[PDB]
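Worksheet: the structure to be examined is printed underneath.
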Amino acid sequence: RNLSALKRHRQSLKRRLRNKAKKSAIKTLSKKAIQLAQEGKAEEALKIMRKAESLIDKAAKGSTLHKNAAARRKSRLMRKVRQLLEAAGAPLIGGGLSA
Amino acid sequence: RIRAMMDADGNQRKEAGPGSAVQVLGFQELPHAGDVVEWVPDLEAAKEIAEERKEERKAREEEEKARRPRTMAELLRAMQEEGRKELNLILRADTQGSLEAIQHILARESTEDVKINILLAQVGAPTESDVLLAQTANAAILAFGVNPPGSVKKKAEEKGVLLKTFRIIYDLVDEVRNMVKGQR
Amino acid sequence: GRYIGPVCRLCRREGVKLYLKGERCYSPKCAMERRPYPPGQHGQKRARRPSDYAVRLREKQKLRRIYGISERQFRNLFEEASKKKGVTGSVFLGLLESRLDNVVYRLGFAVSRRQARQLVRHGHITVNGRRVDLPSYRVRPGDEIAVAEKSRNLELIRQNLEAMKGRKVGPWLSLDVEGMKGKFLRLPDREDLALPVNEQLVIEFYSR
Amino acid sequence: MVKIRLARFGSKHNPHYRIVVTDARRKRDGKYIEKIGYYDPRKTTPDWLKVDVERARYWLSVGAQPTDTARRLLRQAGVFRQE
Amino acid sequence: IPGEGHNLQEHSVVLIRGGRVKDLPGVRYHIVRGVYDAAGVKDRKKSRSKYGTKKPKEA
Amino acid sequence: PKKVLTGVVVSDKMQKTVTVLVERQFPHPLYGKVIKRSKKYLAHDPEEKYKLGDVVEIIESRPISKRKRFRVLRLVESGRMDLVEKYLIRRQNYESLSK
RNA sequence: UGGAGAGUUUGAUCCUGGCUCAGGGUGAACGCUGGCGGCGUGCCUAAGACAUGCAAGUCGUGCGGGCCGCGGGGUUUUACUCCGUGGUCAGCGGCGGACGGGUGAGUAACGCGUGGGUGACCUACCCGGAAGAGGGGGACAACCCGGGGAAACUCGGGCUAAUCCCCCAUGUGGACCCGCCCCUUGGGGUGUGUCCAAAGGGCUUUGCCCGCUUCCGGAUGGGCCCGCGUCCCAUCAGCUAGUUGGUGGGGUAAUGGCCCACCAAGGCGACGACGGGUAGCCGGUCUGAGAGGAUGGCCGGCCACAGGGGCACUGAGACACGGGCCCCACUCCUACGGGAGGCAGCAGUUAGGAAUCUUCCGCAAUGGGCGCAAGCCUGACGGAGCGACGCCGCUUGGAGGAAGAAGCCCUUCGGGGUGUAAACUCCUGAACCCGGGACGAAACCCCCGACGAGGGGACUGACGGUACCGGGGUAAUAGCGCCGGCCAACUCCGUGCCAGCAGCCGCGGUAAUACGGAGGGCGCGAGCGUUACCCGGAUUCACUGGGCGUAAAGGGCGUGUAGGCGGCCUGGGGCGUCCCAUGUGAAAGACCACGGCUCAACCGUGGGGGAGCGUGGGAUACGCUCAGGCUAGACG
Ligand SMILES: [Zn+2]
């Protein structure tokens, strides 16, 4: 019994926790953005979306989402937001949208 | 070849000098009690020696066996038609220095109309082969110092053969005293 | 392992002289001449008509004995011959001859094939520089055998040389009788060897 | 990563090495990409070691990071030498 | 059981050959003599290998 | 070179989906005779542009569903429904021999 | 470049036809016998249990810390302290632990083989280039104290670094939505908008090295999908309910019923689904004249599982063999509350079992990982040990030597046999002892050259004092099967349908070429035979190449669906079919050539071949298909 690979496990635990923090928060932010989009608040909503995007990017940069997954997520969010905005709003801050 | 030596204290020993009790691992067969351990230059020589010993012993044993069913006309008839029925039993002990003792004890315990018989007596754990043998012969499996393996025990239970496990020689002896019966 | 044991008995069994001793197997002594029949009791008996298989088998045995080889080895050689293209019999024979011992015997280095083999084994025989001690050594054409450096001054060899002094060698062979040398030139064809064996029969036997 | 390395084949006491291009995480006998050369330690043949040079160079260019022994062998052959 | 007289008991340890017998019904197995509890056939001198008896000591 | 196949549209019973019978004539690996052997492929038609009884060119493609791995390239020839009919008959027969 | 049959139903024949046998082979095993040496190779059974030792770590050139050691002090001493250090010890931090190594239970499946696809994708490390690397903050181990708990271990408070984390700035760039353009599924380019970088140590430090961050390009490694090929059973005939498709979303590196919501009602099936059994699959191997048939040991790839099952986490990559969590099963301790385990890694233990090795030495070679490096690690591997378990190589002498010793055996009593065999003469000299003594190992390292090429230096051996050479030096283990026909080789005694043999016909009930022995022979030979399986013979499942009046075999016939099959001519298309070219068809083997180990096995080098499969071109005789016509089939 007993090997110095418990260290790795410990490391992973910490990393897992950090990952969870990154990811859950991101998810929450996304949800909030979606909610904002729902009625047509636009500017604040846009800001929130931007923040979420930033968070996602940060996660990608670190050892969380990584790669193109983050990008995909962003696309999903942004497109959804745009769709929601079609029900009243139009880009008020400029923000995440390409206008 | 010597694999492991371990004293009574519970410690691993690489070197053991004259006069210390070591748990020597590395014998291909389980040697008899009070057997003189000897040193050999190589393995082949040792093997040869063993072979020679076997030749000495086995041939003699065979010879001894052969002078028993001498007459087959009348003597054989007398010996095939058996009046006093015999009980078969197969023993498995923990050490060589207890099995023999048990045998000695039970050889006296045979004055009754039912005469006990040892067919297979070895030291160690019971197995499914043993169970099979019992089934063939109508024999009892008795254990001193050795607990039955789980699978083996299960087999013994379901097939319908006598399985026994003990803590003391006395207990075993007592158990044996119940096996001769009386019918009336 | 060799055959080992009684030799001219084998010759007797076949009924044709096999030259398995050299001398005596040349003189009135090979038992071919004094007695010509098979060994043991029913050798002098009425000889029954042999089966098709049997004749072939006998021939094969004759061949093997003549070349003095283990059966497994012989089989292997045959297989090799079969694998190679040409005339599976003649080629096979050639291959067999290429066995170092046989070559030595031919070059008159030793008067008997077994003797030759023995000589080869006991480091007395050198193939282009190195003393070679295994008679299963197969020699590819245009190659030099010699009586070894330290075996040139032994009596038996001298005797052999004397015996072969005057009497000529096979067309696939050349020997320097002065310096105990011997070049294996051509690979020996069947036509060169007036052997009593018929290879065809052997081949047939092998087939199935 | 991709490595130029030596693959043992042959017999006991008669080793033979294939100067070969393969992935790092492989059997030292395993499925290699390309046989670029061969090397006999025992120096038994006249043409005892030989490697095709151009292919090796190409591999290097791509990024085949050789083993030390392999590198040495290559140098001996005349791959790393430039003019 | 091949061999000129068996040695076999009633709870004898045996090793089975297999290979039929044209005479006997239900029987498809030889018992291989020279192992476990089937000892070699005494006074065989020719075909010993099949019956598991050791080389005789010559004089 | 994606796998390009010739076959008939046997079933339009689902949305955006055409069922295609591809009949391949391969020789028997032992008996040396050609077996006209069929296989069904479910192909993606984004318009329902194709219809019951059309011979079409079917391309090996990136999946759209569980065993819908084919895009419809083009229509070859339309209205040789005889084969389709035959297939239908076969199917019907298949029902018969149950009990 | 390749193909042998025979014995047997009968009084005898001819066949039909089974059975049996020779042939070869195995991861074999058993019996008897047993000298070595080379090489290959050794739980095919219970994927049963498992001890012990080891099998995967390493970096102080990432960083703080304790224990000690020194050189020197500040320090009277003792501290404490400071560095240079030398090691350790554990922690953080990174990289590797997903490679290597094993087993083949499951899985008959895109699992594999194969040929493609990926505009639907990832790829840490490696290389190629580009651009960077500006500032500020923070926690957390270790550590110290404080508990809880038998232990396992563990919770609480505080401290502290760092390539740990965070945040701001820059933007080569990229990421995304939207638009536009070119493509053609999500490929490439661009515009507006939003978002995203990082980190340092080392010195011979004003200079470079290792690392770094983002990107594109490659490289290998894969993920995923499809074409075709993939065991038996029809006494398994219908199966299906996330099941088949859609829309939307989730999840993924990515597509997809992968998952979910909702709509639709499909999907598959006798060209064999579903069900049961069976089984890892192949490159191969064995056999065979070949076609095939069987098998998948070792070696190579791929898959799958690491007590059984389930599931995530971390990362380039796992659903993770020597990580995690959980339930169960079991073994192990318990102060009964709870933990510890996992050999299908090497060795070994047992147990099963016919049966299978050493608790070996080594990092020397190759390869792996980490590292600037030395170096550390390595049951990968290199070797050694055991086993005639295979295969190959050699020895058990050779040369003489009786018209024939003894011994034994037969005889028709003369004689014959063993048998030139022996004895005996001569000669050689395995073993054996001495003397030496390797190839394998030249590098990484240092110095000169710029740390490049290049030049020199040095070390480094488990095998192994072995192989091998030089000298000496003994005549120095033969066994097993069979001997009626197949089938090689025959006599006598003993036995009397008994004892026995046998693979088959069958031998044995008083002269047995079949039984026991003896002589003699024959086959092989350090082996030979038996058993088991597989192929062969068996053209006994017949494609090449069996048939069906009477042998086993035509359904009881009819109509008819699938299916299969099809007259003549003319023309196209070119699916089949052929061909040419190319790509693949890895290596190892198999084949040919040469070369190494004294030969051979073994191995190496090179070469050719190779069905099949894609791509491009061609050919149209023959099928296929379309079109036109015909009249011999058929129908009216
Ligand atoms: Zn003669």
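Letters A, B, ... go to the chains of the structure tokens in the order shown; residues in each chain start at 1; ligands are counted from 1 in the same order.
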Would you give me, as a Markdown table, each residue of chain C having an atom within 7 Å of an atom of ligand 1, along with its shortest atom pair and that distance in Å to one decimal, using only C-alpha atoms and all ligand atoms and sorting by chain and residue number?
| residue | atom | partner | partner_atom_place_in_ligand_line | distance |
| --- | --- | --- | --- | --- |
| C:7 | CA | ligand 1 | 1 (Zn) | 6.8 |
| C:8 | CA | ligand 1 | 1 (Zn) | 4.1 |
| C:11 | CA | ligand 1 | 1 (Zn) | 6.0 |
| C:17 | CA | ligand 1 | 1 (Zn) | 6.5 |
| C:18 | CA | ligand 1 | 1 (Zn) | 6.1 |
| C:19 | CA | ligand 1 | 1 (Zn) | 5.1 |
| C:20 | CA | ligand 1 | 1 (Zn) | 5.1 |
| C:21 | CA | ligand 1 | 1 (Zn) | 5.8 |
| C:24 | CA | ligand 1 | 1 (Zn) | 6.9 |
| C:25 | CA | ligand 1 | 1 (Zn) | 3.9 |
| C:30 | CA | ligand 1 | 1 (Zn) | 3.4 |
| C:31 | CA | ligand 1 | 1 (Zn) | 6.2 |
| C:32 | CA | ligand 1 | 1 (Zn) | 6.8 |
Residues from last step as file, C-alpha atoms, as a PDB file, in the first residue's frame:
ATOM      1  CA  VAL C   7      27.850 -51.646 -40.151  1.00  0.00           C
ATOM      2  CA  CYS C   8      28.155 -54.307 -42.935  1.00  0.00           C
ATOM      3  CA  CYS C  11      24.908 -53.693 -46.580  1.00  0.00           C
ATOM      4  CA  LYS C  17      27.771 -53.390 -51.744  1.00  0.00           C
ATOM      5  CA  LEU C  18      27.581 -50.158 -49.793  1.00  0.00           C
ATOM      6  CA  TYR C  19      31.261 -49.422 -49.009  1.00  0.00           C
ATOM      7  CA  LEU C  20      30.740 -48.461 -45.391  1.00  0.00           C
ATOM      8  CA  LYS C  21      34.240 -49.243 -44.137  1.00  0.00           C
ATOM      9  CA  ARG C  24      37.636 -54.665 -46.165  1.00  0.00           C
ATOM     10  CA  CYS C  25      34.397 -53.247 -47.623  1.00  0.00           C
ATOM     11  CA  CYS C  30      32.431 -56.529 -46.634  1.00  0.00           C
ATOM     12  CA  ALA C  31      30.333 -59.697 -46.224  1.00  0.00           C
ATOM     13  CA  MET C  32      28.921 -58.927 -49.647  1.00  0.00           C
TER      14      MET C  32
END
Could the residues of chain A within 10 Å of chain G, counting only C-alpha atoms (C1' of nucleotides), be given as number ranges by chain, please?
A: 1, 3-18, 46-47, 49-61, 63-64, 66-82, 91, 93-99
Dump C-alpha atoms for the selected residues as a PDB file, in the first residue's frame?
ATOM      1  CA  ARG A   1       0.000   0.000   0.000  1.00  0.00           C
ATOM      2  CA  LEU A   3       1.997   5.680  -3.244  1.00  0.00           C
ATOM      3  CA  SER A   4       2.836   9.324  -4.005  1.00  0.00           C
ATOM      4  CA  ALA A   5      -0.006   9.578  -6.534  1.00  0.00           C
ATOM      5  CA  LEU A   6      -2.496  10.695  -3.858  1.00  0.00           C
ATOM      6  CA  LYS A   7      -0.880  14.085  -4.517  1.00  0.00           C
ATOM      7  CA  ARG A   8      -2.305  14.041  -8.040  1.00  0.00           C
ATOM      8  CA  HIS A   9      -5.753  13.222  -6.696  1.00  0.00           C
ATOM      9  CA  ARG A  10      -5.497  16.092  -4.216  1.00  0.00           C
ATOM     10  CA  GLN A  11      -4.473  18.449  -7.016  1.00  0.00           C
ATOM     11  CA  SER A  12      -7.411  17.294  -9.125  1.00  0.00           C
ATOM     12  CA  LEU A  13      -9.796  17.932  -6.230  1.00  0.00           C
ATOM     13  CA  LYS A  14      -8.648  21.536  -6.006  1.00  0.00           C
ATOM     14  CA  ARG A  15      -8.798  21.914  -9.783  1.00  0.00           C
ATOM     15  CA  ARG A  16     -12.262  20.325  -9.815  1.00  0.00           C
ATOM     16  CA  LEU A  17     -13.472  22.841  -7.244  1.00  0.00           C
ATOM     17  CA  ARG A  18     -12.048  25.749  -9.212  1.00  0.00           C
ATOM     18  CA  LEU A  46     -26.285  43.169 -23.175  1.00  0.00           C
ATOM     19  CA  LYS A  47     -23.795  44.087 -20.452  1.00  0.00           C
ATOM     20  CA  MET A  49     -24.114  38.863 -21.821  1.00  0.00           C
ATOM     21  CA  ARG A  50     -20.748  40.535 -22.413  1.00  0.00           C
ATOM     22  CA  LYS A  51     -19.674  39.688 -18.868  1.00  0.00           C
ATOM     23  CA  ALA A  52     -20.723  36.069 -19.377  1.00  0.00           C
ATOM     24  CA  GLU A  53     -18.746  35.919 -22.624  1.00  0.00           C
ATOM     25  CA  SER A  54     -15.684  37.313 -20.858  1.00  0.00           C
ATOM     26  CA  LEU A  55     -16.031  34.707 -18.119  1.00  0.00           C
ATOM     27  CA  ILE A  56     -16.315  31.943 -20.711  1.00  0.00           C
ATOM     28  CA  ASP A  57     -13.178  33.184 -22.447  1.00  0.00           C
ATOM     29  CA  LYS A  58     -11.311  33.266 -19.136  1.00  0.00           C
ATOM     30  CA  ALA A  59     -12.407  29.696 -18.420  1.00  0.00           C
ATOM     31  CA  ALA A  60     -11.183  28.625 -21.857  1.00  0.00           C
ATOM     32  CA  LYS A  61      -7.841  30.313 -21.193  1.00  0.00           C
ATOM     33  CA  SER A  63      -7.997  24.597 -17.605  1.00  0.00           C
ATOM     34  CA  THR A  64     -11.825  24.581 -17.609  1.00  0.00           C
ATOM     35  CA  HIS A  66     -10.840  25.063 -23.161  1.00  0.00           C
ATOM     36  CA  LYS A  67     -10.630  24.770 -26.969  1.00  0.00           C
ATOM     37  CA  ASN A  68     -13.656  25.471 -29.170  1.00  0.00           C
ATOM     38  CA  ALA A  69     -16.201  24.355 -26.554  1.00  0.00           C
ATOM     39  CA  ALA A  70     -16.140  27.818 -25.002  1.00  0.00           C
ATOM     40  CA  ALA A  71     -16.616  29.396 -28.428  1.00  0.00           C
ATOM     41  CA  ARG A  72     -19.583  27.112 -29.102  1.00  0.00           C
ATOM     42  CA  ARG A  73     -21.120  28.089 -25.763  1.00  0.00           C
ATOM     43  CA  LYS A  74     -20.652  31.770 -26.585  1.00  0.00           C
ATOM     44  CA  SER A  75     -22.305  31.288 -29.964  1.00  0.00           C
ATOM     45  CA  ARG A  76     -25.240  29.504 -28.352  1.00  0.00           C
ATOM     46  CA  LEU A  77     -25.705  32.269 -25.809  1.00  0.00           C
ATOM     47  CA  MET A  78     -25.217  35.196 -28.163  1.00  0.00           C
ATOM     48  CA  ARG A  79     -27.504  33.864 -30.881  1.00  0.00           C
ATOM     49  CA  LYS A  80     -30.199  33.137 -28.299  1.00  0.00           C
ATOM     50  CA  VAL A  81     -29.895  36.676 -26.926  1.00  0.00           C
ATOM     51  CA  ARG A  82     -30.196  38.115 -30.429  1.00  0.00           C
ATOM     52  CA  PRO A  91     -28.514  46.791 -29.651  1.00  0.00           C
ATOM     53  CA  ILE A  93     -24.840  49.549 -25.911  1.00  0.00           C
ATOM     54  CA  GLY A  94     -23.344  48.052 -29.112  1.00  0.00           C
ATOM     55  CA  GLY A  95     -22.004  45.250 -26.919  1.00  0.00           C
ATOM     56  CA  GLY A  96     -21.731  41.522 -27.642  1.00  0.00           C
ATOM     57  CA  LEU A  97     -23.732  41.845 -30.885  1.00  0.00           C
ATOM     58  CA  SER A  98     -22.222  42.488 -34.318  1.00  0.00           C
ATOM     59  CA  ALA A  99     -23.857  45.807 -35.213  1.00  0.00           C
TER      60      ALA A  99
END
Chain G contacts on chain B, only C-alpha atoms (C1' of nucleotides), 8 Å, as JSON, numbers by chain
{"B": [3, 4, 127]}
For residue D:65: contacts at 7 Å, only C-alpha atoms (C1' of nucleotides), fewer than 3 positions along chain excluded, given as a list in words
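Once the adjacent positions are removed, what remains is residues 2, 3, 4 and 60 of chain D; 126 of chain G.
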Each residue of chain B with at least one atom at most 10 Å from chain E should appear once, together with its nearest atom pair and the corresponding distance in Å (one decimal); atoms considered: only C-alpha atoms; ordering: chain, then increasing residue number; output as a Markdown table.
| residue | atom | partner | partner_atom | distance |
| --- | --- | --- | --- | --- |
| B:62 | CA | E:39 | CA | 9.3 |
| B:66 | CA | E:7 | CA | 9.4 |
| B:119 | CA | E:11 | CA | 8.1 |
| B:120 | CA | E:11 | CA | 9.8 |
| B:133 | CA | E:11 | CA | 7.9 |
| B:134 | CA | E:11 | CA | 9.8 |
| B:136 | CA | E:11 | CA | 7.6 |
| B:137 | CA | E:11 | CA | 6.8 |
N, CA, C and O atoms of the current selection, written as an mmCIF file, in the first residue's frame:
data_model
loop_
_atom_site.group_PDB
_atom_site.id
_atom_site.type_symbol
_atom_site.label_atom_id
_atom_site.label_comp_id
_atom_site.auth_asym_id
_atom_site.auth_seq_id
_atom_site.Cartn_x
_atom_site.Cartn_y
_atom_site.Cartn_z
ATOM 1 N N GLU B 62 6.031 -51.176 -1.932
ATOM 2 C CA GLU B 62 5.335 -51.990 -2.927
ATOM 3 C C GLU B 62 5.436 -53.465 -2.550
ATOM 4 O O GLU B 62 4.434 -54.198 -2.580
ATOM 5 N N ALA B 66 2.504 -56.203 -1.552
ATOM 6 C CA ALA B 66 2.300 -57.398 -2.398
ATOM 7 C C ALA B 66 2.083 -58.739 -1.672
ATOM 8 O O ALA B 66 1.448 -59.645 -2.228
ATOM 9 N N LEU B 119 -8.514 -43.618 4.607
ATOM 10 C CA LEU B 119 -8.280 -43.827 3.179
ATOM 11 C C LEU B 119 -7.326 -42.781 2.599
ATOM 12 O O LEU B 119 -6.429 -43.118 1.820
ATOM 13 N N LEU B 120 -7.534 -41.519 2.983
ATOM 14 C CA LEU B 120 -6.669 -40.404 2.589
ATOM 15 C C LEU B 120 -6.399 -39.492 3.787
ATOM 16 O O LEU B 120 -7.323 -38.890 4.346
ATOM 17 N N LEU B 133 -14.398 -37.552 -3.702
ATOM 18 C CA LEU B 133 -13.884 -38.795 -3.135
ATOM 19 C C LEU B 133 -14.846 -39.337 -2.082
ATOM 20 O O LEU B 133 -15.162 -40.530 -2.064
ATOM 21 N N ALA B 134 -15.302 -38.430 -1.226
ATOM 22 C CA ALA B 134 -16.242 -38.747 -0.149
ATOM 23 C C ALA B 134 -17.520 -39.333 -0.731
ATOM 24 O O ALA B 134 -18.029 -40.344 -0.242
ATOM 25 N N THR B 136 -17.911 -40.755 -3.625
ATOM 26 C CA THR B 136 -17.567 -42.065 -4.176
ATOM 27 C C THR B 136 -17.610 -43.145 -3.079
ATOM 28 O O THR B 136 -18.184 -44.218 -3.282
ATOM 29 N N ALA B 137 -17.029 -42.825 -1.917
ATOM 30 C CA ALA B 137 -16.688 -43.789 -0.855
ATOM 31 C C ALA B 137 -17.646 -43.868 0.340
ATOM 32 O O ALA B 137 -17.619 -44.856 1.084
#
Excluding residue D:41 and its own-chain neighbours fewer than 6 positions away, which residues fall within 7 Å of it when counting only C-alpha atoms (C1' of nucleotides)? Please give them as a PyMOL selection string.
(chain D and resi 15-16) or (chain G and resi 440)
Take the selection from the previous step and output its residues with N, CA, C and O atoms (P, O5', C5', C4', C3', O3' and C1' of nucleotides), as a PDB file, in the first residue's frame.
ATOM      1  N   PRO D  15      21.919  -9.121 -31.558  1.00  0.00           N
ATOM      2  CA  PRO D  15      20.939  -8.054 -31.701  1.00  0.00           C
ATOM      3  C   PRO D  15      21.000  -7.407 -33.074  1.00  0.00           C
ATOM      4  O   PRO D  15      22.051  -7.398 -33.720  1.00  0.00           O
ATOM      5  N   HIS D  16      19.860  -6.884 -33.508  1.00  0.00           N
ATOM      6  CA  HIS D  16      19.778  -6.059 -34.702  1.00  0.00           C
ATOM      7  C   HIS D  16      18.791  -4.932 -34.468  1.00  0.00           C
ATOM      8  O   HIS D  16      17.700  -5.141 -33.899  1.00  0.00           O
TER       9      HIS D  16
ATOM     10  P     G G 440      32.223  -3.768 -29.634  1.00  0.00           P
ATOM     11  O5'   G G 440      30.739  -4.001 -29.087  1.00  0.00           O
ATOM     12  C5'   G G 440      29.590  -3.832 -29.943  1.00  0.00           C
ATOM     13  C4'   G G 440      28.413  -4.674 -29.497  1.00  0.00           C
ATOM     14  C3'   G G 440      27.595  -4.159 -28.325  1.00  0.00           C
ATOM     15  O3'   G G 440      26.782  -3.019 -28.585  1.00  0.00           O
ATOM     16  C1'   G G 440      27.891  -6.484 -28.092  1.00  0.00           C
TER      17        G G 440
END
Just the strand (DSSP E or B) stuff from chain D, please, per backbone DSSP, written as an NGL selection string.
:D and (2-8 or 17-23 or 34-39 or 49-51)
From a backbone DSSP assignment, name each residue in stretch 73-205 of chain C labelled helix (DSSP H, G or I), as JSON, numbers by chain.
{"C": [73, 74, 75, 76, 77, 78, 79, 80, 81, 82, 83, 90, 91, 92, 93, 94, 95, 96, 97, 100, 101, 102, 103, 104, 105, 106, 113, 114, 115, 116, 117, 118, 119, 120, 121, 149, 150, 151, 155, 156, 157, 158, 159, 160, 161, 162, 163, 164, 199, 200, 201, 202, 203, 204, 205]}
Residues within 10 Å of residue E:32, please, as a PDB file with C-alpha atoms (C1' of nucleotides), in the first residue's frame. Count only C-alpha atoms (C1' of nucleotides); anything in the same chain fewer than 6 positions from it doesn't count.
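Result saved to part-v7.pdb:
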ATOM      1  CA  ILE E   1      -7.764 -52.151 -17.591  1.00  0.00           C
ATOM      2  CA  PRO E   2      -4.906 -53.311 -19.835  1.00  0.00           C
ATOM      3  CA  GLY E   3      -2.170 -55.441 -18.260  1.00  0.00           C
ATOM      4  CA  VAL E  14      -6.451 -43.483 -11.750  1.00  0.00           C
ATOM      5  CA  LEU E  15      -5.589 -41.708 -15.014  1.00  0.00           C
ATOM      6  CA  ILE E  16      -7.775 -42.285 -18.091  1.00  0.00           C
ATOM      7  CA  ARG E  17      -6.502 -42.856 -21.627  1.00  0.00           C
ATOM      8  CA  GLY E  18      -9.594 -43.152 -23.844  1.00  0.00           C
ATOM      9  CA  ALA E  38      -2.384 -48.084 -11.084  1.00  0.00           C
ATOM     10  CA  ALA E  39       1.181 -49.379 -10.788  1.00  0.00           C
ATOM     11  CA  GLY E  40       3.116 -50.946 -13.682  1.00  0.00           C
ATOM     12  CA  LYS E  50       2.087 -48.525 -22.851  1.00  0.00           C
ATOM     13  CA  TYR E  51       1.823 -50.238 -19.456  1.00  0.00           C
ATOM     14  CA  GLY E  52       4.168 -47.929 -17.508  1.00  0.00           C
TER      15      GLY E  52
ATOM     16  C1'   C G  30       1.383 -39.417 -20.349  1.00  0.00           C
ATOM     17  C1'   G G  31       4.746 -43.804 -20.337  1.00  0.00           C
ATOM     18  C1'   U G 530       0.220 -43.906 -26.556  1.00  0.00           C
ATOM     19  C1'   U G 531      -3.711 -40.216 -25.729  1.00  0.00           C
TER      20        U G 531
END
Residue neighbourhood residue B:180, 10 Å, only C-alpha atoms (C1' of nucleotides), exclusion window fewer than 4 positions, as a ChimeraX atom specification
/B:85-87,109-110,112-116,176
Do you have the atom CA of residue C:128-atom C1' of residue G:596 distance handy?
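Taking atom CA of residue C:128 and atom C1' of residue G:596, their separation equals 16.5 Å.
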Any idea what's packed within 7 Å of residue C:208, counting only C-alpha atoms (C1' of nucleotides), ignoring anything in its chain fewer than 2 positions away? Could you give it as a count of residues only?
4
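Here the question is which of C:45, C:131, C:150, C:158 gets nearest to chain G using only C-alpha atoms (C1' of nucleotides), and that residue is C:131.
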